[PDB]
Every structure is written in C-alpha cells, then in structure tokens.
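These notes concern the structure reproduced below.
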2 protein chains.
Amino acid sequence: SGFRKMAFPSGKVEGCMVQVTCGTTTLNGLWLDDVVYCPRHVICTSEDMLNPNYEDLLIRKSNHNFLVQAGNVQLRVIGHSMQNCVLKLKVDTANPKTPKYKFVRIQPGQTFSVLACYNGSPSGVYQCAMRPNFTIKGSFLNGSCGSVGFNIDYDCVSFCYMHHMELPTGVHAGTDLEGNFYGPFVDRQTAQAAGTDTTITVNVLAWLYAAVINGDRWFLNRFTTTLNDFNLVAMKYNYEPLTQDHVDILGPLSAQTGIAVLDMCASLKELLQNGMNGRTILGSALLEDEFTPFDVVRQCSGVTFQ
Amino acid sequence: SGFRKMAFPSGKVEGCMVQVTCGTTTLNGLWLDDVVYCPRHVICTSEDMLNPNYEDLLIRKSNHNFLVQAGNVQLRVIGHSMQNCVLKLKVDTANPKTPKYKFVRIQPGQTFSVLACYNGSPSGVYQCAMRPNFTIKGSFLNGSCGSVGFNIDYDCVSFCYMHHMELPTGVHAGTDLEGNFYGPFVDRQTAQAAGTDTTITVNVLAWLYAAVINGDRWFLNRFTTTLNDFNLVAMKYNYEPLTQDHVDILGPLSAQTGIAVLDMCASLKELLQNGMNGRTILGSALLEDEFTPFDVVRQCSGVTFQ
Ligand SMILES: O=C(c1cc(=O)[nH]c(=O)[nH]1)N1CCN(c2ccc(Cl)c(Cl)c2)CC1
Ligand SMILES: O=C(c1cc(=O)[nH]c(=O)[nH]1)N1CCN(c2ccc(Cl)c(Cl)c2)CC1
C-alpha cells in the first residue's frame with residue numbers, strides 16, 4: 001500500500017544523453033543509433049535570439065562547428081539537418097546503448113517522466129503532466145535544454161518531450177521529438193504567454209479511486225449524478241468536461257473498488273462546492289490532477305518493465 | 001525555476017537488481033561483486049513467520065535451495081551466510097555492472113530514492129524521507145521486499161535502505177545494507193507499532209527557502225525570534241526541536257536569499273499559529289518536510305553526477 005509520485009526507471013535513457021556545443025553554447029542532446037537530436041536554438045547567438053532566421057543561421061554552419069561529447073569520447077559529426085524545431089546531427093558512431101524506442105506525440109492530461117540533465121549528465125528524474133494549456137510545470141535551471149520526457153511500455157521507451165524554454169510565469173515549453181511544439185509557442189526569445197490552465201478532471205477522479213484503494217473514504221457519499229449535471233458544476237470551477245471515453249477509461253478502477261464512476265463524480269461535486277474542511281486525501285490538502293487512470297492502476301496493481 | 005519531488009537517476013542501481021527464490025517464496029536481491037544481498041525472511045514458510053528461528057531455518061538449507069536469476073541468466077550460489085537480518089548469497093559470477101558504491105546508515109530526516117522492484121525488475125523510482133519514528137512512507141505491493149534505497153554522491157552509489165515489511169498503519173520498515181533495522185522492529189510477522197511521528201523542522205525551513213527562491217514570498221514578515229522561543233512553539237505542534245547545527249546547515253540558503261534563519265523561523269511560527277488561510281506555497285496547501293537543505297541546494301543550483 002501507499003501512493004507516491006512515481007517516475008519510470010531512467011537507466012535506458014541515461015545512456016542516450018550527450019553534450020552538444022556550438023560556439024559558446026552548450027546544451028543536451030539525445031543520441032539514438034547514429035543521430036543526435038537537440039533543440040535548434042543551440043545555433044543562436046545573443047544577436048539572433050529575439051528573431052532568429054534558422055535557415056540562414058544553419059547554412060552558415062559546417063559539421064565541424066558542432067562538438068558532441070558522450071562522457072569523454074568525442075563523436076564526429078558527419079552531417080546535419082533541421083526537422084521543424086529540432087536539429088539532427090548525424091555522427092560516425094551508432095550508440096551501442098540505444099534502447100528499443102519510438103517517438104510519440106502525447107495529448108494534454110497524459111503524464112511522463114523527465115530526466116533533467118546538465119552538460120550531458122543526468123541530474124534527477126521526476127513525473128509531470130502535460131497541462132491543458134500545453135505547458136509543463138517542470139524544474140529546470142540554466143543548461144537544461146535538450147532534457148527529454150519519456151514513458152516505458154513493456155521494453156520500449158516512448159520519447160514524448162524535449163525541453164526548449166521557460167516562460168515568464170515559470171512554467172516550461174518544448175516539442176515532441178520530431179520538433180513540433182506543444183502549444184502555440186515558438187523558439188525565439190520573445191515574451192510569450194500560456195493560455196489559462198484547467199484542472200484535469202479524469203485524473204482527479206483516478207486519484208480519488210487511489211485514495212479509496214488505500215483506505216481514505218471520508219469523502220464518499222450515497223448520491224449519484226449525471227454526466228450533464230456534473231459537467232455543469234465542473235465548468236464553474238475550471239475543470240475539464242468529462243466525456244464518456246473518460247468514464248470507460250476509469251472502468252477498471254470502478255470495478256476494483258465497486259464504486260460507480262458517476263457515484264465518484266457526486267463525491268467530487270461535493271468537494272468542489274464545500275472544500276475539504278482541513279481534511280486531507282492521500283496526504284494532500286488539494287485535489288491532485290497529475291495521475292492518470294493508468295498511473296493509478298500501475299501503482300496500485302504492480303506492473304514492471306523489461 | 002520550478003520545484004519538484006526529484007529522485008536520483010536510477011540506472012546504476014537497475015543493473016544490480018536480481019530475483020531470489022527459496023522454495024515457493026520469491027523477492028528481490030541486490031547483486032554487487034559476487035554477493036547477492038536480500039532479506040533473510042525469504043527462508044521462511046507460512047509456519048515460520050509468527051516466530052521464526054533463523055539459525056535453525058538456515059542450517060536446514062543448502063546452496064541449491066536458492067535460485068538467483070539476473071534476467072534470463074541463472075547465477076550459481078556457492079555459499080551463503082547471514083549478517084543480522086540480511087542474507088548474503090555468494091555467487092560464481094561477479095556482477096560486471098557493479099558501480100562504485102558504499103553502504104551508509106542514515107539518520108532520521110535524511111532523504112533517499114527508492115527503486116521499487118518486482119521479480120527482479122525495476123518498476124518505478126520515487127523520493128522519500130526516513131521519518132523520526134524510523135518508518136518510511138513508501139509505495140510497495142506484494143513482491144516488493146528487497147527493493148533498495150540509495151543516494152548518489154559524485155560517482156558513488158550510497159545504499160542506505162533495504163525493504164522488509166509493511167506495518168499495519170500502511171507505512172514501511174526495513175534495514176540498512178548490513179541488516180540492522182531502522183527503529184525497534186524485527187522481521188517476524190507479529191503486529192508491531194511505530195512510535196508517534198513528528199514533523200522534520202529543518203526540512204520545512206529548507207522548503208520555505210526554496211519557496212522564496214521561486215518567488216513565493218507572501219509568508220515572510222519583519223519579525224525575528226530566538227531559538228528558544230521558536231522551540232517552545234514548535235514542541236506544541238509536534239515539530240522536532242531546532243538545533244544550532246540545523247541553523248548552520250541552512251547557512252548557504254540564508255546567504256543566497258538574504259533572509260536570516262531566525263527570521264525564517266519567525267515566519268514558520270506564524271504559519272503554525274495561524275494556518276495558511278487557503279493559500280499555497282510551491283503548490284502545496286500543507287507544510288512539506290521531505291526536502292533536506294541539500295535537496296534544495298541541489299535542485300535550486302543544479303548539481304549533476306558521474
Ligand atoms: O538553459 C536555459 C533554461 C531553461 C529553463 O527551463 N530554465 C532556465 O532558467 N534556463 N535557457 C533559457 C532558454 N534559452 C534559449 C536560447 C535561445 C532561444 Cl531562441 C530560446 Cl527560445 C531559448 C536557452 C538557455
Ligand atoms: O511483499 C510483501 C509486501 C511488502 C510491502 O511493503 N507491502 C505489501 O503489501 N507486501 N510481503 C509482506 C511481508 N512479508 C513477510 C514475510 C515474512 C516475514 Cl518474517 C516478514 Cl517480517 C514479512 C513478505 C511479503
């Protein structure tokens with residue numbers, strides 16, 4: 001029993017991180033087979049950042065302007081190209097630690113682990129969610145660009161995020177591994193604003209089911225509601241609307257605890273309208289929305305990886 | 001910027017986990033050089049658990065009653081012995097992935113990362129603190145015994161915890177890697193109770209400094225207090241007393257923010273006496289005590305590992 005913010009084991013990703021330097025700028029890269037992936041803004045200088053023209057900046061570089069290091073070894077760059085907002089550096093050596101992997105573009109509400117890195121070296125791992133406004137609430141300092149987010153499915157690493165920048169509100173923005181930003185952001189040092197964020201309802205319900213599984217039941221009641229009555233109250237508190245697909249996703253947790261989804265929705269309705277009265281759920285005094293239904297199942301039923 | 005519950009990268013530990021079976025009982029082991037370390041209760045059957053006599057139970061076993069698997073490979077056990085509450089299984093092959101390591105017995109209030117494992121396979125990583133009552137608030141299911149806790153210092157893995165059991169309150173108890181329990185527990189399936197827990201004051205203050213570093217300042221005030229006046233109020237709320245060594249430990253965070261420790265103590269005094277008024281700090285509505293001063297520095301100044 002117990003319930004923690006649990007990240008995936010990071011070892012398969014640690015062996016893919018490298019350091020990329022172009023000029024006086026150093027950040028992290030991801031080395032898979034014989035390609036190093038990194039944010040294209042590594043090629044900017046201070047003069048370029050407010051409004052870079054990346055096609056111009058790249059035509060002015062050659063292979064030897066890029067220094068790639070994996071620990072002590074230097075990797076010889078033998079070609080370069082740009083895909084959307086990522087740079088792809090072809091190197092002369094295939095990474096012998098390349099895991100089975102794929103690239104996935106995730107949707108808002110999904111969770112992933114971040115391996116935060118500096119100078120090509122892993123510093124720490126943590127779990128976060130992609131917010132509805134396509135930012136993440138990360139923890140990143142100077143030098144962290146190029147750190148990646150991932151999930152593990154069986155034996156396969158699904159890369160879903162590469163870190164590019166911090167916004168003025170202190171939250172973070174980046175791309176999938178094909179270089180497409182999540183959200184309406186661009187890789188220039190202009191001032192950009194994230195849209196208003198909402199609470200991820202299906203995740204809050206998954207976490208209430210985790211609470212029940214761990215013996216925290218004080219918030220339950222005998223009422224029920226309809227999807228339409230619930231969504232009317234949720235909109236007033238800036239919660240995402242609940243769909244029938246969400247209800248079906250929660251099926252396994254409803255079955256395991258014997259509490260119907262629409263009954264759990266009635267409890268959540270009461271908690272939105274009356275607050276928690278200085279009581280806690282799973283050790284929190286706020287409603288938590290960065291666990292998916294799959295996170296809860298995984299952690300309350302015990303799945304491992306190869 | 002940002003602040004997360006950040007674990008150490010787990011890759012150096014992942015390569016040390018193995019599966020140990022004795023009879024019908026399987027749990028996890030830690031394979032370092034040519035020794036596998038695991039909880040000694042792997043040798044108990046249902047008849048033994050209420051009151052095992054481990055010296056008797058072990059004399060009745062031979063090397064071949066122990067099945068050790070590292071993935072697909074089976075390791076041949078060529079000797080066995082007991083140290084306190086851990087079993088040490090000598091095997092015929094030295095683990096080629098053995099990191100630089102040491103064994104440390106930690107003190108209450110310190111933090112570490114846990115690599116939760118099932119059947120020798122890593123399932124997830126999370127950060128926890130050793131509580132003042134020598135339990136940890138973990139997340140562990142059936143099959144998790146033998147999972148380890150660790151820190152990383154430069155290039156060295158410091159192992160500090162091996163998981164042995166869950167107590168009736170849902171919290172967890174285990175040993176250092178020389179087999180000595182933390183706290184007054186024993187490895188028999190009797191009912192054992194943990195002592196009353198307290199809040200780790202020096203960690204709460206470290207987390208308030210992290211808040212200031214990230215722009216959350218609403219709780220600050222101009223007052224100050226003395227160590228003796230603070231400790232009088234803290235005892236009333238079940239907070240650990242603050243010592244001069246704690247004050248000195250917080251030195252680097254005091255310097256970086258310009259707020260004296262005893263000024264921060266005056267703010268904490270007000271928060272204990274008046275509550276948080278439905279305001280939050282770093283995204284929490286409770287005072288958080290599982291970050292040490294070193295955790296905060298590491299995360300708000302950017303240290304990596306080799
Ligand atoms: O290393 C960090 C960083 C990341 C973070 O998350 N937090 C933090 O404090 N620093 N930066 C800030 C972003 N920068 C940058 C350069 C050129 C362009 Cl064109 C763009 Cl868009 C961004 C690179 C260096
Ligand atoms: O695998 C878990 C487990 C661990 C956990 O943390 N949570 C959970 O639900 N299950 N167990 C429970 C403890 N058990 C045990 C056997 C013999 C002795 Cl003599 C003792 Cl002391 C303990 C081994 C199997």
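Here's how to read the names in the structure tokens: chain A, B, ... by the order shown, residue numbers from 1 in each chain, ligand numbers from 1 in the order shown.
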### Query
Got a sec to check which residues lie within 6 Å of ligand 2, using only C-alpha atoms and all ligand atoms, and send them as a PyMOL selection string?
(chain A and resi 1) or (chain B and resi 41+49+140-145+165-166+172+187-189)
With N, CA, C and O atoms retained, could you export that selection as a PDB file, in the first residue's frame?
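Final output, part_30.pdb:
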ATOM      1  N   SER A   1       0.845  -1.196   0.000  1.00  0.00           N
ATOM      2  CA  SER A   1       0.000   0.000   0.000  1.00  0.00           C
ATOM      3  C   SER A   1       0.889   1.260   0.000  1.00  0.00           C
ATOM      4  O   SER A   1       2.110   1.129  -0.006  1.00  0.00           O
TER       5      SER A   1
ATOM      6  N   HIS B  41      14.088 -13.143   5.547  1.00  0.00           N
ATOM      7  CA  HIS B  41      12.805 -13.819   5.646  1.00  0.00           C
ATOM      8  C   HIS B  41      12.431 -14.544   4.367  1.00  0.00           C
ATOM      9  O   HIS B  41      11.428 -15.257   4.378  1.00  0.00           O
ATOM     10  N   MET B  49       6.515 -17.774  10.187  1.00  0.00           N
ATOM     11  CA  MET B  49       6.556 -16.313  10.173  1.00  0.00           C
ATOM     12  C   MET B  49       6.215 -15.690  11.516  1.00  0.00           C
ATOM     13  O   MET B  49       6.742 -14.620  11.836  1.00  0.00           O
ATOM     14  N   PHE B 140       4.558   0.313  -1.912  1.00  0.00           N
ATOM     15  CA  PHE B 140       5.082  -1.041  -2.069  1.00  0.00           C
ATOM     16  C   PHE B 140       3.911  -2.010  -2.084  1.00  0.00           C
ATOM     17  O   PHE B 140       3.023  -1.903  -1.235  1.00  0.00           O
ATOM     18  N   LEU B 141       3.911  -2.943  -3.035  1.00  0.00           N
ATOM     19  CA  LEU B 141       2.927  -4.027  -3.095  1.00  0.00           C
ATOM     20  C   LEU B 141       3.594  -5.350  -2.778  1.00  0.00           C
ATOM     21  O   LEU B 141       4.803  -5.441  -2.555  1.00  0.00           O
ATOM     22  N   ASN B 142       2.784  -6.405  -2.805  1.00  0.00           N
ATOM     23  CA  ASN B 142       3.320  -7.738  -2.586  1.00  0.00           C
ATOM     24  C   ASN B 142       4.407  -8.019  -3.609  1.00  0.00           C
ATOM     25  O   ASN B 142       4.266  -7.676  -4.789  1.00  0.00           O
ATOM     26  N   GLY B 143       5.525  -8.585  -3.151  1.00  0.00           N
ATOM     27  CA  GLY B 143       6.640  -8.872  -4.042  1.00  0.00           C
ATOM     28  C   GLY B 143       7.742  -7.837  -4.024  1.00  0.00           C
ATOM     29  O   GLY B 143       8.772  -8.031  -4.675  1.00  0.00           O
ATOM     30  N   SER B 144       7.559  -6.746  -3.283  1.00  0.00           N
ATOM     31  CA  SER B 144       8.493  -5.627  -3.303  1.00  0.00           C
ATOM     32  C   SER B 144       9.679  -5.796  -2.339  1.00  0.00           C
ATOM     33  O   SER B 144      10.599  -4.989  -2.398  1.00  0.00           O
ATOM     34  N   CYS B 145       9.691  -6.809  -1.461  1.00  0.00           N
ATOM     35  CA  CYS B 145      10.759  -6.899  -0.456  1.00  0.00           C
ATOM     36  C   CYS B 145      12.114  -7.023  -1.140  1.00  0.00           C
ATOM     37  O   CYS B 145      12.238  -7.607  -2.216  1.00  0.00           O
ATOM     38  N   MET B 165       9.236  -4.918   5.238  1.00  0.00           N
ATOM     39  CA  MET B 165       7.836  -5.200   5.566  1.00  0.00           C
ATOM     40  C   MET B 165       6.986  -3.935   5.582  1.00  0.00           C
ATOM     41  O   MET B 165       7.497  -2.808   5.643  1.00  0.00           O
ATOM     42  N   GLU B 166       5.675  -4.142   5.552  1.00  0.00           N
ATOM     43  CA  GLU B 166       4.712  -3.066   5.750  1.00  0.00           C
ATOM     44  C   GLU B 166       4.032  -3.227   7.097  1.00  0.00           C
ATOM     45  O   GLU B 166       3.616  -4.331   7.458  1.00  0.00           O
ATOM     46  N   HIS B 172       6.208   1.742   6.138  1.00  0.00           N
ATOM     47  CA  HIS B 172       7.163   0.704   5.736  1.00  0.00           C
ATOM     48  C   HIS B 172       8.398   0.691   6.620  1.00  0.00           C
ATOM     49  O   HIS B 172       8.818   1.718   7.142  1.00  0.00           O
ATOM     50  N   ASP B 187      11.999  -8.798  12.171  1.00  0.00           N
ATOM     51  CA  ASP B 187      11.467  -9.471  10.989  1.00  0.00           C
ATOM     52  C   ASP B 187      10.762 -10.752  11.412  1.00  0.00           C
ATOM     53  O   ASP B 187      11.225 -11.873  11.174  1.00  0.00           O
ATOM     54  N   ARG B 188       9.624 -10.549  12.053  1.00  0.00           N
ATOM     55  CA  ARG B 188       8.636 -11.604  12.271  1.00  0.00           C
ATOM     56  C   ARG B 188       7.263 -11.008  12.003  1.00  0.00           C
ATOM     57  O   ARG B 188       7.055  -9.807  12.175  1.00  0.00           O
ATOM     58  N   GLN B 189       6.330 -11.834  11.549  1.00  0.00           N
ATOM     59  CA  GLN B 189       5.001 -11.317  11.219  1.00  0.00           C
ATOM     60  C   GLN B 189       4.116 -11.144  12.436  1.00  0.00           C
ATOM     61  O   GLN B 189       2.931 -11.468  12.390  1.00  0.00           O
TER      62      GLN B 189
END
### Message
Report as a VMD selection string all protein, DNA and RNA residues lying within 7 Å of residue A:124, evaluated on only C-alpha atoms, omitting residues in the same chain fewer than 3 positions from it.
### Response
(chain A and resid 115 to 116) or (chain B and resid 6 to 9)
Writing out the chosen residues with N, CA, C and O atoms as a PDB file, in the first residue's frame:
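Saved result, result-v1.pdb, follows:
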ATOM      1  N   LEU A 115      13.856  13.302 -17.439  1.00  0.00           N
ATOM      2  CA  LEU A 115      15.227  13.139 -16.948  1.00  0.00           C
ATOM      3  C   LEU A 115      15.934  14.468 -17.119  1.00  0.00           C
ATOM      4  O   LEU A 115      16.331  14.830 -18.226  1.00  0.00           O
ATOM      5  N   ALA A 116      16.077  15.221 -16.029  1.00  0.00           N
ATOM      6  CA  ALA A 116      16.717  16.530 -16.116  1.00  0.00           C
ATOM      7  C   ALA A 116      18.235  16.346 -16.197  1.00  0.00           C
ATOM      8  O   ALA A 116      18.818  15.553 -15.440  1.00  0.00           O
TER       9      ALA A 116
ATOM     10  N   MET B   6      12.146  15.304  -6.694  1.00  0.00           N
ATOM     11  CA  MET B   6      13.066  14.787  -7.689  1.00  0.00           C
ATOM     12  C   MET B   6      13.860  13.610  -7.127  1.00  0.00           C
ATOM     13  O   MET B   6      14.439  13.725  -6.046  1.00  0.00           O
ATOM     14  N   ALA B   7      13.876  12.477  -7.854  1.00  0.00           N
ATOM     15  CA  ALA B   7      14.648  11.308  -7.442  1.00  0.00           C
ATOM     16  C   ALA B   7      15.984  11.318  -8.166  1.00  0.00           C
ATOM     17  O   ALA B   7      16.169  12.025  -9.169  1.00  0.00           O
ATOM     18  N   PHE B   8      16.937  10.533  -7.640  1.00  0.00           N
ATOM     19  CA  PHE B   8      18.189  10.343  -8.361  1.00  0.00           C
ATOM     20  C   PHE B   8      17.960   9.462  -9.579  1.00  0.00           C
ATOM     21  O   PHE B   8      17.121   8.564  -9.543  1.00  0.00           O
ATOM     22  N   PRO B   9      18.764   9.635 -10.635  1.00  0.00           N
ATOM     23  CA  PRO B   9      18.696   8.718 -11.780  1.00  0.00           C
ATOM     24  C   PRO B   9      19.066   7.314 -11.316  1.00  0.00           C
ATOM     25  O   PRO B   9      20.036   7.130 -10.576  1.00  0.00           O
TER      26      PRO B   9
END
#### Entry: Contact residues (chain A, partner chain B, 8 Å, only C-alpha atoms) as JSON, numbers by chain
{"A": [1, 2, 3, 4, 5, 6, 7, 8, 9, 10, 11, 12, 14, 115, 117, 118, 121, 122, 123, 124, 125, 126, 137, 138, 139, 140, 141, 170, 171, 284, 285, 286, 299, 300, 301, 302, 303, 304, 305, 306]}
### Non-local contacts of residue A:32 (9 Å; only C-alpha atoms; under 6 positions in same chain excluded) as an NGL selection string
:A and (16 or 94-99 or 101)
### Task
Point out the residue among A:130, A:148, A:160, A:297 with the least atom-to-atom distance to ligand 1, counting only C-alpha atoms and all ligand atoms.
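Closest to ligand 1, using only C-alpha atoms and all ligand atoms: A:148.
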### Task
Compile the contact shell of residue A:21 as a ChimeraX atom specification: residues with an atom at most 12 Å away, counting only C-alpha atoms, same-chain residues fewer than 3 positions apart removed.
/A:18,24-29,36,38-44,63-70,74-75,77,89,119-120,143,146
Those same residues - N, CA and C atoms - I'd like them written as a short mmCIF file (atom, residue, chain, number, x, y, z; two decimals), in the first residue's frame.
data_model
loop_
_atom_site.label_atom_id
_atom_site.label_comp_id
_atom_site.auth_asym_id
_atom_site.auth_seq_id
_atom_site.Cartn_x
_atom_site.Cartn_y
_atom_site.Cartn_z
N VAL A 18 23.91 13.09 -24.27
CA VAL A 18 25.22 13.59 -24.67
C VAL A 18 25.22 15.09 -24.50
N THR A 24 29.87 29.12 -28.28
CA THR A 24 29.93 29.22 -26.83
C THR A 24 28.70 28.63 -26.14
N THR A 25 27.78 28.01 -26.88
CA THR A 25 26.52 27.50 -26.33
C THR A 25 26.59 25.98 -26.18
N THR A 26 26.27 25.49 -24.99
CA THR A 26 26.25 24.06 -24.74
C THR A 26 24.87 23.68 -24.22
N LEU A 27 24.32 22.57 -24.70
CA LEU A 27 23.09 22.03 -24.09
C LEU A 27 23.15 20.52 -24.23
N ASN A 28 22.02 19.85 -23.96
CA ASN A 28 21.99 18.40 -24.01
C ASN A 28 21.45 17.90 -25.35
N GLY A 29 21.89 16.71 -25.74
CA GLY A 29 21.35 16.04 -26.90
C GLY A 29 20.98 14.61 -26.58
N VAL A 36 22.10 12.46 -33.33
CA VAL A 36 21.94 13.22 -32.09
C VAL A 36 20.85 14.27 -32.33
N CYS A 38 18.71 17.57 -30.88
CA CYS A 38 18.82 18.61 -29.87
C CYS A 38 18.03 19.83 -30.32
N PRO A 39 17.73 20.76 -29.41
CA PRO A 39 16.98 21.96 -29.81
C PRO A 39 17.79 22.75 -30.83
N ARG A 40 17.12 23.25 -31.86
CA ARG A 40 17.85 24.02 -32.89
C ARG A 40 18.37 25.36 -32.40
N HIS A 41 17.86 25.90 -31.29
CA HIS A 41 18.37 27.18 -30.82
C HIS A 41 19.79 27.08 -30.31
N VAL A 42 20.39 25.90 -30.28
CA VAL A 42 21.81 25.82 -29.96
C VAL A 42 22.63 26.65 -30.97
N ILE A 43 22.11 26.85 -32.18
CA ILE A 43 22.88 27.62 -33.17
C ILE A 43 22.69 29.12 -33.08
N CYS A 44 21.94 29.62 -32.11
CA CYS A 44 21.75 31.06 -31.96
C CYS A 44 22.84 31.68 -31.09
N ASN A 63 29.75 20.98 -40.39
CA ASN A 63 29.83 19.86 -39.44
C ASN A 63 30.79 20.13 -38.30
N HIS A 64 31.90 20.80 -38.57
CA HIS A 64 32.91 20.92 -37.52
C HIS A 64 32.60 22.04 -36.54
N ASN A 65 31.59 22.87 -36.80
CA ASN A 65 31.17 23.80 -35.77
C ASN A 65 30.39 23.12 -34.62
N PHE A 66 30.11 21.82 -34.70
CA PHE A 66 29.34 21.10 -33.68
C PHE A 66 30.21 20.12 -32.90
N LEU A 67 30.38 20.36 -31.61
CA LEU A 67 31.16 19.47 -30.76
C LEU A 67 30.20 18.62 -29.92
N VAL A 68 30.26 17.31 -30.09
CA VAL A 68 29.40 16.35 -29.39
C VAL A 68 30.28 15.46 -28.52
N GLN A 69 29.96 15.37 -27.23
CA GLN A 69 30.71 14.52 -26.32
C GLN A 69 29.77 13.58 -25.58
N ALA A 70 30.12 12.30 -25.54
CA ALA A 70 29.45 11.30 -24.72
C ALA A 70 30.46 10.89 -23.65
N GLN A 74 34.60 11.89 -27.90
CA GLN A 74 34.01 12.86 -28.80
C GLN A 74 33.45 12.13 -30.00
N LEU A 75 32.28 12.58 -30.46
CA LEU A 75 31.61 11.98 -31.61
C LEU A 75 31.83 12.90 -32.80
N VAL A 77 30.79 14.58 -36.04
CA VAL A 77 29.59 14.93 -36.78
C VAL A 77 29.89 14.87 -38.28
N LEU A 89 21.87 15.73 -35.83
CA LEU A 89 23.31 15.68 -36.13
C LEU A 89 23.67 14.23 -36.40
N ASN A 119 24.95 19.53 -19.04
CA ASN A 119 26.24 19.17 -19.65
C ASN A 119 26.28 17.70 -20.07
N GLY A 120 25.15 17.19 -20.56
CA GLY A 120 25.10 15.78 -20.90
C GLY A 120 25.02 14.83 -19.72
N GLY A 143 21.00 25.58 -18.65
CA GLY A 143 21.74 24.42 -19.10
C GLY A 143 20.90 23.18 -19.31
N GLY A 146 17.15 20.48 -24.03
CA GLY A 146 17.50 19.18 -24.55
C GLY A 146 17.21 18.00 -23.63
#
#### Entry: residue A:162 environment, 7 Å, only C-alpha atoms, sequence neighbours closer than 6 positions dropped, as number ranges by chain
A: 146-149, 174-177
### Task
State, in Å with one decimal place, the distance from atom CA of residue B:262 to atom CA of residue B:227.
7.3 Å
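Here atom CA of residue B:249 stands at a distance of 19.6 Å from atom CA of residue B:105.
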### Summary
As a check of understanding: the span from atom CA of residue B:93 to atom CA of residue B:31 is 9.9 Å
